[PDB]
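Peer 1:
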Amino acid sequence: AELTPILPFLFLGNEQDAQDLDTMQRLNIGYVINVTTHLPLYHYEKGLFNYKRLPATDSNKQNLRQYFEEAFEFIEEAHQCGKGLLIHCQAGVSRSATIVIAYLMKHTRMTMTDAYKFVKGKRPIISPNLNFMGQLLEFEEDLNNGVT
Ligand SMILES: CC(C)(C)C(=O)CSc1ncc2ccc3ccc(Cl)cc3c2n1
Numbered sequence: 320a321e322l323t324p325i326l327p328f329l330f331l332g333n334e335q336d337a338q339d340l341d342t343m344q345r346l347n348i349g350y351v352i353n354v355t356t357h358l359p360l361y362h363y364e365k366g367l368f369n370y371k372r373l374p375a376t377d378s379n380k381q382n383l384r385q386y387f388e389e390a391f392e393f394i395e396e397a398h399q400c401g402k403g404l405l406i407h408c409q410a411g412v413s414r415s416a417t418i419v420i421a422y423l424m425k426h427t428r429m430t431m432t433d434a435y436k437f438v439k440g441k442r443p444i445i446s447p448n449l450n451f452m453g454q455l456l457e458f459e460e461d462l463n464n465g466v467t
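FYI, the numbering for the sequence shown is 320 to 467, going by the deposited numbering.
Next up, the structure:
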């Protein structure tokens, strides 16, 4: 069990981390983003959290940019009402860390490199995915040019 707090309201974890019900309620988490196609929404039937599923796979062809804006608003929703958000996928946190890094670029105004350094400092194990890196690099281009 290990929920990594990126921001006071934004938490990063894997499949096993999302199953620790006691820790999630201790940290005042009320929102969960599940970035998998096959994993269940843990503790859904208990009616404690608001869920959002980004149906993605951990492949070199998966497009995560399409899920960026939807995830940012769910995070803002958790932020604007004083609750924490947990975003998770599987062991390598490749998918979920990509979304978190994207959020830090758009809203916290950090650069792509600095955002990775920020998350990597708090979450030491992140599996590599050149496809997601390319999408984050292309995403930084659009932010600097005023396209998104
Ligand atoms: C995208 C994701 C977080 C899923 C990932 O690929 C983690 S693995 C890794 N390993 C070595 C690196 C060396 C420089 C670097 C500069 C920028 C960015 Cl975003 C990543 C790296 C980098 N990332």
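For every residue, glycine included, the Cβ atom is placed at its ideal position computed from N, Cα and C.
Mind listing, in chain order, the continuous alpha helix (DSSP H) runs of no fewer than 4 residues lying wholly within the segment 356 to 414?
Peer 2: List check, alpha helix (DSSP H) in window: 387 to 399.
Peer 1: Compute every distance between the C-beta of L383 and the non-hydrogen atoms of ligand 1, then say whether any falls below 7 Å.
Peer 2: Outside the cutoff, so no.
Peer 1: Taking DSSP's pairing of strands, which residues face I352 in a bridge?
Peer 2: Paired residue(s): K371, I406.
Peer 1: For the segment 427 to 446 against the segment 399 to 408, do three or more pairs of beta-carbon atoms, one drawn from each stretch, fall closer than 8 Å, so that the two count as touching?
Peer 2: They do not touch, by the three-pair rule.
Peer 1: Does the distance between the C-beta of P443 and the nearest non-hydrogen atom of ligand 1 fall short of 7 Å?
Peer 2: Incorrect: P443 has no Cβ contact closer than 7 Å to ligand 1.
Peer 1: Flag this pair as touching only if the segment 374 to 390 and the segment 343 to 351 have three or more C-beta atom pairs under 8 Å; answer yes or no.
Peer 2: Because the criterion of three Cβ pairs below 8 Å is not met, the segment 374 to 390 and the segment 343 to 351 do not touch.
Peer 1: Taking the CB atoms as reference points, tell me whether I420 and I352 lie closer together than 8 Å.
Peer 2: In this structure, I352 does not lie closer than 8 Å to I420 by Cβ.
Peer 1: Which residues mark the beginning and the end of the alpha helix (DSSP H) in which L340 is found?
Peer 2: Its alpha helix (DSSP H) spans residues 340 to 345.
Peer 1: Any heavy atom of ligand 1 closer than 7 Å to the CB of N448?
Peer 2: Yes, the Cβ of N448 comes within 7 Å of a heavy atom of ligand 1.
Peer 1: By alpha-carbon positions, which one of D461, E395, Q335, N463 ends up nearest to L360?
Peer 2: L360 has its Cα closest to that of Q335, out of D461, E395, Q335, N463.
Peer 1: Using DSSP bridges, identify the partner residues of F330.
Peer 2: Paired residue(s): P324, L405.
Peer 1: Report all residues from its chain with a CB closer than 7 Å to the CB of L455; omit the five preceding and five following residues, and keep chain order.
Peer 2: Within the same chain, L455 has close Cβ partners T417, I420, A421, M431.
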